[PDB]
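Asks: Build me a model:
(chains A, B, C, D, E, F and G)
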Amino acid sequence: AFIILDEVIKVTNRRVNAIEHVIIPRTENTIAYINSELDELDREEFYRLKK
Amino acid sequence: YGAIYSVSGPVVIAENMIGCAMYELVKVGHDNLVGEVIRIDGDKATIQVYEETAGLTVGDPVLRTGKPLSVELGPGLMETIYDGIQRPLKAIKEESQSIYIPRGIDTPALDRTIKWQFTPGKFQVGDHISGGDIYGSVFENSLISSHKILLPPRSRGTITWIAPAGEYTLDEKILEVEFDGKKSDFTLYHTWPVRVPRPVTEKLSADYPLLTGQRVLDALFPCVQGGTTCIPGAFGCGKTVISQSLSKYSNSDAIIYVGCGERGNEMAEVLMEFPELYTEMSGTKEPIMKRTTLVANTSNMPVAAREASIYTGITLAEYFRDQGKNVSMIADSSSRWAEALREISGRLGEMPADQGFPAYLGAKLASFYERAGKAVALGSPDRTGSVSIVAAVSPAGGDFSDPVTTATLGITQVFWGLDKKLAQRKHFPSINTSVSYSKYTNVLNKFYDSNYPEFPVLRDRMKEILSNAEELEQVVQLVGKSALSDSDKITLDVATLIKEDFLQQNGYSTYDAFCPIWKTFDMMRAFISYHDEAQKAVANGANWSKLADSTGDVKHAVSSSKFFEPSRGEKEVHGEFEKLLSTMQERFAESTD
Amino acid sequence: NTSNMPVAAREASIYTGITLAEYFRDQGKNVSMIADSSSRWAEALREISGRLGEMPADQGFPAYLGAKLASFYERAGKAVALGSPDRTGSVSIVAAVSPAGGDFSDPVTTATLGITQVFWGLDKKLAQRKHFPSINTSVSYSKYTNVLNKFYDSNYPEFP
Amino acid sequence: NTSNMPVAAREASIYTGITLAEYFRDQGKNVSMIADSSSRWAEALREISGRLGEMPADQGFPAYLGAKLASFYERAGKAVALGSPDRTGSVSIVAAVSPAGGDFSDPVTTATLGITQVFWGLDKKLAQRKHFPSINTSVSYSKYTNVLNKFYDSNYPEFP
Amino acid sequence: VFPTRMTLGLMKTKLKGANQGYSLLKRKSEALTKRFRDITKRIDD
Amino acid sequence: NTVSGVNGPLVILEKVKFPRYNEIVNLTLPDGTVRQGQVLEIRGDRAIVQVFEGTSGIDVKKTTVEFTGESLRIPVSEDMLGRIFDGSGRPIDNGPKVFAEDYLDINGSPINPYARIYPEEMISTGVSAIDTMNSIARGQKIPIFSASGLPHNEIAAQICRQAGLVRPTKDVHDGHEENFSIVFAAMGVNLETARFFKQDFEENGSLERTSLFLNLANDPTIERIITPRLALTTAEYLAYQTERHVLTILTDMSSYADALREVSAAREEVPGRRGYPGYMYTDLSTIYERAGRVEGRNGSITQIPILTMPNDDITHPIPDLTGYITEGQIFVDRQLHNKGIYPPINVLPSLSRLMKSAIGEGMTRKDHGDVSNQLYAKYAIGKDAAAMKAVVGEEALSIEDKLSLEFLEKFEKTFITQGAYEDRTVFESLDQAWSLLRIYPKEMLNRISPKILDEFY
Amino acid sequence: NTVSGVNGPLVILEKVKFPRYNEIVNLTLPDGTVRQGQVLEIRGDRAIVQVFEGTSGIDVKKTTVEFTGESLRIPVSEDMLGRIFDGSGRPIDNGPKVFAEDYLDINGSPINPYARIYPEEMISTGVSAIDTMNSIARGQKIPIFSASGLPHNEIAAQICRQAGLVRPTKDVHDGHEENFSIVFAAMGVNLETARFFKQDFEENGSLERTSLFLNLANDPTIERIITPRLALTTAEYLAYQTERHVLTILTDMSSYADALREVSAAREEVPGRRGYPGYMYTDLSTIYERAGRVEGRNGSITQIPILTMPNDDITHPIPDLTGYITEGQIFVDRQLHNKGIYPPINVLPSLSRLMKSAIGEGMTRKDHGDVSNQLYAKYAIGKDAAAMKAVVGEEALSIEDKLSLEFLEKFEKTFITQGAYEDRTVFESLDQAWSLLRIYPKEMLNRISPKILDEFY
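Replies: Numbers count the residues shown, from 1 in each chain, chains lettered A, B, ... in the order given. The relevant structure is shown in the block below.
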């Protein structure tokens, strides 16, 4: 059982670190760039119409 | 009177126009096109013309008729397919040789050469009358009289003349009332401005459930009558197919089906399909069609035409409610009404305020839903009517928090989900259990409770199973299946049974796609009776795998519930379902031991 | 000023404080200036901008915003007062900011971190534990440290 | 031309350089016209709409952008020469653009891409490893490839 | 590249997914690592 | 002068410049129909009015205008409790007038009759979850933020009706010895939903304690903004002059955001992001200005606004700005609602910025602040622990977390689940709290003093 | 009189009130050259025109104007096919001389044909991914959504090339015994692409059967959009008057869209939502006006417009408004392209909601609806599983998911991979669909009614 545990801990550790480094900050970078574009559309629309 | 100042788009502006209101009927140019003056800015009046301009000249005269734009509510409404301001389309096919008239034609609101049967009411000579009183009827359904001819609101006095039973024309008198001098003579029809509501004596809460028939709709929360409802879309969710299914299954006195700004192919679909469909109670000639009055407007008709659509349809529903009839109004798509409000906004060239949508957008929506509702009929006899509105939505702003969807979800009282991805994969009508609520559920369920169903207790547990399933769904994705306990596996497993039987709906009406509310309770009763047994076994010791083998036969039956019909067990529920409750118990005792 | 009280009073609030403070700097008095909060303050401006019918800029917050935030922090600092006596004062501005539009990356906060030489964080967990200010060593920095450790070392401490 | 050298020069640059390519095409010469960089031309339309007081369209770039670009590429092609001896000449346009939103989602890249037949991407991740010109299969196509590889096949290569 | 309008609802839920995943798998890890330490000591003896 | 034009909601009148601002005008139509409005703008021989009812159906040479000579005010009295008004302050009684003793202007008051004094006395909503974990105090505002996955009005009704049943429980405790009153404002409510609120007050006996001002979904956007201003002035009168604590319930703030966004703060002018004005803040701030502790020092107006989050969003302008002005919030969720939890209130994303410090001691025991630390902590740990159970099982699950797994369940099913007309006093609420913590030993409740814990466990 | 101004390509003429709406004006320039123009608007003692021809040659007051007296109408005739036209009407073969028997409005306000008979018999394409999944019926407007960064023009050319082998496929199905015509409308299309298109029709032998209207983007914007409108009207002549079947291929819808934005910038109209107009919808509906089965109930006009997603998303204005007017959509993927599967269609977000109605018996099976449902569900799971493989690892995966991974590959490389000239019958395409489906046993398939399943398994 100890040997199977030995194997499984290595896999499971890889995964916690993998979600942490690659996924979460990719998700931050994307969400911000499209939020700022999206907001820009609503405000510029008003500005062109008002002018 | 006026002189045409600009023709810009299908929008016409005309000068020398004063003494005109914002509801006033106006005829535009010397081709006399149908129009209405929506707004006025100074001497210049801004007029939306509900036919197109393809050679409308400037400086042609514009004649105010001296009265508002109204629609006639009267005889000939059912068994007929109409346009946005209502002129017989059927007459137009033959005469004009085109589906809707050329620009510069005007045809009368109803057939003028057709004669109708007047019956005198309960208001004779010297009896006092008021609006929403029945002075008579016409017949426009076989088994019933679906149309009560009522006095318009703010009409009163005592009757000098009641015409006796017989055939009259709709332009000829059958009633005279004397009030402030002679008030008028009245005809079989009445005119009422359609942008404007038809009053109510009083509203009394929706509390009468009456079928939707669809398996999922009946299940998560009860069906409702006199309610207000939003159902998502994306115009690729089988929205037309559930609408046709919805018409047949509702058993209401009257239905108004409104194609807001639809394909034309969709309008063909319904016009053709309706007479083939058999009314569930007892048929009529061309059964479903005869009980439906259709406003069928395409999107390819001007923006003006699509805005009058939703309005005239609700005005036929509000008359019917006042008449003493429970009405189902099916509107598809309310987002196309909102699309139209955008188009008039672009054409008028007004500034947005609603994410690329006009100022008036939020208010116009809110006003529509209030006209709908359960009420005690307008009039001195007092009758019951209700209008239940089923309204389709879809995005229209490129956002998931879009102005059409947000303002409508506020004013609605039943919200039943629908996901585009499930619907394509085959689970239409689809439903999202965490993006749904219904305020009417509490009274309605208690109504089903008294008639026979154990219904309240089941409804809460169905959602509960599905809630835990979402939580499980994330663990299942990530870790896998190899970590969940016996209890958790079941939760998913009974969830499968509900997803299979309620969310999927096989056919138009084939495979017994029609489930009555009592059948639905029985379908649900079988799954939750199974869940509680299933929960006890694992807890009292029995592997998920072992429990699945041993359940066997009773599980296949509950899986097979949707093909079966209740009309061969009792008449609304199945003898087969009663037998199923005994079989469950027996199985369980063997399997546990 | 609470946010309910007129918008003139909100906008004038920082201004009135800095001019008053600066005068006390001329008097030869060392002033601690506490502002709460600049996120609110940026909002006073955005409100005025939409009413008037001028266009605000980035994130719906005005054009004039950045020059106004910037002038305010640079106004504060250690000086010798005007006139022959030459008394020493200081004005230290500690301004509070919160998220504005609920994003703490929006223009207001981000503009101000660039100007700042001093940062001391706040964390909800650390605040529950009674550590105040709620700082560790990476939610906080000071670039004033260099000159300051030098100052203290002179006084007698082995400080640096 | 230089960066703030007259905006008439920049706007006109692409039209003048294609006109010169066309004269040469009519003699029956093959020309290659390398426009470098038309992103700056796109910036010149942004400016022309604002200074004039016209309203622009999506992302502060006008829509007149799109028609004006399409006309420019159409002046290119392989051709049979103007005039009665008959020869074949060419004007072959290869035009750089850039982001303007730090994406390929911006109006400039997408409009020029709409029209184009050859697409050669940009990969910031590969550029770091020291790769130039950095492209990938997923960000590039040529609709000419099929016919081109057969041509290359003749010369000796196993190219298709 | 990334969508022009409204990736945000999706990206919100992507953000949520990621974050729950990290917490749970670190708990799963935490239990495996905790048990393993105890088993390591039993084994040496 | 006659009507020049109407362009959308906004109406242009050519009428002369001699009317003042806030001045009521009467639209005299040839259809026997009189409609009233308030000048949005008064200009040089023109005025722009938005009409309280309707916007269309007027002419430009058969509709004429007259100026009343009297600005927008409410006749304020204390005979207004037990009476049904609309959104102009006109009755929908179908009987006697409003009644006045003063006429108060509605704009956030002419004189501002409020002082700033820190809250010090508990206000109770009759539900344990709100009161223990995120307490309400006199002159403190804590909104209920809910979503369109909830029956948000129906929850809203439970808060409101259970109020003022609290007042006899507080009376024995000696925290309130002066009367309770309810001021209810409906903005953008449905006819059926409106009915439910009213029937719930009759049943409880709370009809006598409330005045309802009604704005219907079909009434103009300008009518809708007038509606809460009527309610708060009426509350301000009760509060200042006869020393009552008055709890004002404003549902739905979301409709209120909609009316402003649409017009009356976006008339032709430029609004901020997502069509919702940037001075939407300024408008919210007017409501908050007429709320708070008032002269008397037994008088306050305590406010519970209800905001319904469009799709549960945390990047939309509406919950964020509103959320800065208010001192915390109660967050409701969809998750609890599905499970069959009623009312479905979670106390983990929720915050009350000042818990013990806001409220008093004398009608609430001293243990309230301490107990809240323990319930919050366990609840947090408890969410995490359930996710862990699902994976690990119960063969390797932690002991601390095993008790917290069971704790998550009880916290929902008894402290958060309550009846429709079940009312619970604050003392009672505190006792239940300890019962849930009673399962843990002392060594897993270590964030509390042994003196308090030894007494309360 | 003379030009008041010119702003962009649009011209303001100060002239008298005798021109009608969409009435042609003839601009007389002192260069000895006439250009033609169409009134976008007529307004008081002025007209707003955008000139169809040229773009300079304008003068301030040396210009003279004269009105043509005739509003734009198409000369439509019995023979229009086998001829090359331009919308501007320039001679490149034919263009100004094209015969005439009627002059018809582009507006399509007189005849306006619209279905009132259900989408009748099947229309073949020989692509399994079109016919099986979505299915096409006469009178249908189902769109091909393609992308930029991939050649949208190439996917239009494969549809063109296999088109007209289609009529034989229908002949075989029976109840089709009438002529086939293609009406090809080009707007914004490159000169090189134009030649390609000409080539596709030619190779099949449908050149004789096709009418081409050509515009390029160096022609003014207003002209570009009128060019397909003239072509639909010509199609309508063939369809209604001589009872033929027309398939009209309208490319490029983005190009139609591009024009709309540019037009209007100082008129009553002004560009709205997201920089693309608020009346963009109407413009798409004018193209939809002349679509459906025609009157008398023989013939049909069927329409497949060609649309390009520019960033590969449905949330962008061009795909978003359109898909609503359409009744489903067909989705083209970049990822199948890069691999080298041609034609590359991902079926995941592809549905046409009148599939049930479209299909019937005697030319399509009863299993047909059922078959599509099965492919989506497995194809969807397979995709979802491939993503989890990537992050966490194969500890999440299960045996069922292996069937699914395997099923994705078989579907992509067999169903979606076919020729540009390799046409099929509908019966074959359903037979190949089955082949893939054989790998799940009967008990894991539940997207078909079990009755049907036993027959065809």
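
Asks: which bits of chain A sit near chain E?
Replies: A:1-2, A:5-6, A:8-9, A:12-13, A:15-16, A:19-20, A:23-24, A:27, A:30-31, A:33-35, A:37-38, A:41 (Cβ under 8 Å from any Cβ of the partner chain). In this view, the C-beta of every residue, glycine as well, is placed from N, C-alpha and C.

Asks: Quick check: residues of chain E near chain F?
Replies: So chain E meets chain F at E:8-9, E:20, E:23-24, E:27-28, E:31, E:35 (Cβ under 8 Å from any Cβ).

Asks: With adjacent residues omitted, what lies nearest to the residue nearest the centre of chain E?
Replies: By Cα atoms, centre = their mean, chain E has its centre lying nearest to residue E:22, at 2.3 Å. Once flanking residues are discounted, residue E:22 sits nearest to residue A:19: 4.6 Å by Cβ to Cβ, 6 or more residues apart in numbering or on different chains.

Asks: Look at the nearest residue to residue B:420 once chain neighbours are set aside and give its secondary structure.
Replies: In space, and not counting its chain neighbours, residue B:420 is closest to residue B:234: 4.7 Å by Cβ to Cβ, 6+ apart. Here residue B:234 is coil, with the state taken from DSSP: H, G, I helix; E, B strand; the rest coil.

Asks: So residue B:234 sits against residue B:396, correct?
Replies: No: under the criterion of Cβ atoms under 8 Å, residue B:234 is not in contact with residue B:396, lying 10.5 Å apart.

Asks: And residue B:380, how far from residue B:340?
Replies: 39 Å (Cβ to Cβ, to the nearest Å).

Asks: Which one's more surrounded, these two?
Replies: residue B:340 (23 against 16; other Cβ atoms under 10 Å in any protein chain shown).

Asks: In terms of secondary structure, what does whichever helix or strand residue F:184 is part of contact?
Replies: Assessed by DSSP states H and E, residue F:184 sits inside strand F:180-189. Using 3 or more Cβ pairs under 8 Å, 6 or more residues apart in numbering or on different chains; DSSP states H and E, the elements in contact with strand F:180-189 are helix F:152-162, helix F:191-204, strand F:210-216, helix F:221-241, strand F:245-251, helix F:253-262.

Asks: The closest residue to chain A within the stretch 401-550 of chain B: neighbouring residues, count only.
Replies: Proximity of the stretch 401-550 of chain B to chain A (Cβ to the nearest Cβ) peaks at residue B:478, 8.6 Å away. By other Cβ under 10 Å, the residues close to residue B:478 number 23.

Asks: can you pull the contacts of it?
Replies: By Cβ atoms under 8 Å, 6 or more residues apart in numbering or on different chains, the contact set of residue B:478 is E:21, E:24-25, G:388, G:392, G:396.

Asks: Of these, which is the most crowded?
Replies: residue E:21 (24 neighbours).

Asks: helices or strands up against the helix or strand in which that residue is found?
Replies: Assigned by DSSP H and E, residue E:21 belongs to helix E:8-44. If contacts are counted by 3+ Cβ pairs under 8 Å, 6+ apart, helix E:8-44 sits against helix A:2-18, helix A:24-50, helix B:456-478, helix F:368-392.

Asks: quick check: angle from it to helix A:2-18?
Replies: Per axes from the mean of the first three to the mean of the last three Cα atoms, to 10 degrees, the angle that helix E:8-44 makes with helix A:2-18 is 150 degrees.

Asks: which residues does the closest residue to residue F:258 other than its chain neighbours contact?
Replies: Among residues not flanking residue F:258 along the chain, residue B:362 sits closest, at 5.0 Å (Cβ to Cβ, 6+ apart). By Cβ under 8 Å, 6+ apart, the contact set of residue B:362 is B:354, B:403, B:407, F:221, F:258-259, F:261-262.

Asks: need the residues of chain B near chain C, please.
Replies: So chain B never meets chain C (Cβ under 8 Å from any Cβ).

Asks: Closest to the mean position in chain B, which residue would that be?
Replies: Mean-position check on chain B, Cα atoms, centre = their mean. Result residue B:330 at 1.7 Å.

Asks: tell me which residues in stretch B:437-449 are buried?
Replies: B:437-445, B:448 (16 or more other Cβ atoms under 10 Å in any protein chain shown).

Asks: Show the contacting residues for the residue most central in space within chain A.
Replies: Of all residues in chain A, the one closest to the mean position by Cα atoms, centre = their mean is residue A:27, 1.2 Å from it. Residue A:27 makes contact with E:11, E:14-15, E:18, according to Cβ under 8 Å, 6+ apart.

Asks: which of those residues sit farthest apart?
Replies: E:11 and E:18 (10.4 Å; Cβ to Cβ).

Asks: Residue F:220 and residue C:6, how far apart?
Replies: 28 Å.

Asks: Next: residue F:219.
Replies: According to Cβ to Cβ, residue F:219 stands 31 Å off from residue C:6.

Asks: Repeat that for residue F:151.
Replies: 39 Å.

Asks: quick one, phi psi at the residue of the stretch 101-250 of chain B found nearest chain F?
Replies: Here the stretch 101-250 of chain B gets closest to chain F at one residue, residue B:203, 4.4 Å apart by Cβ to the nearest Cβ. Note on residue B:203: its backbone torsions stand at phi -100, psi 140 [degrees, to the nearest 10].

Asks: Could you check how many residues crowd around it?
Replies: Neighbour tally, residue B:203, other Cβ under 10 Å: 18.

Asks: isn't it right next to residue F:193, touching?
Replies: No: look at residue B:203 against residue F:193 with Cβ under 8 Å: they stay out of range, at 10.8 Å.
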